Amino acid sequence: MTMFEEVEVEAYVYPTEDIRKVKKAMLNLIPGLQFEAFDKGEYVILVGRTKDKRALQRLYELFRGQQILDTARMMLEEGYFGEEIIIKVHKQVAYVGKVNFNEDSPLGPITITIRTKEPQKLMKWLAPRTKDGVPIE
């Protein structure tokens, strides 16, 4: 059964940007998003949402294959408040399909918000603490 209620991904789309390319960057990280877009004049807010229990599978895989479980876990923990876990990733690196937590993204990070009633279990499943691949928690 599901480990989260919903995933919401948010990014700003600037006038010199392509809304389609920003949608692609978001889907690279969380597949199957349903988009709404909101006009703010100086940019558009793109919001992606999914309640699909398999929505975190791409992150699960990228954290492991990039070998960034330690950084991923630190970022999840920093973003953990109440019933939400929020991370911010590099927009341009997401467009080429990887995760980068460097907060200095040509303009605007992509923000990923995970709404969950079991955040300790989510974080331990998504970004386990390991030593040479061996569980240390």
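Note that residue numbering follows the sequence shown and begins at 1.
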item: Selected stretch [higher average CA B-factor]: 116-124 or 21-29; value: 116-124
item: Of 31-39 and 56-64, the one with larger mean CA B-factor; value: 31-39
item: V93, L107, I86, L69, ranked by C-alpha B-factor: the highest one; value: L107
item: Among modelled residues of the same chain, the CA temperature factor third for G48; value: middle
item: For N100, the third of its chain into which the C-alpha B factor falls; value: middle
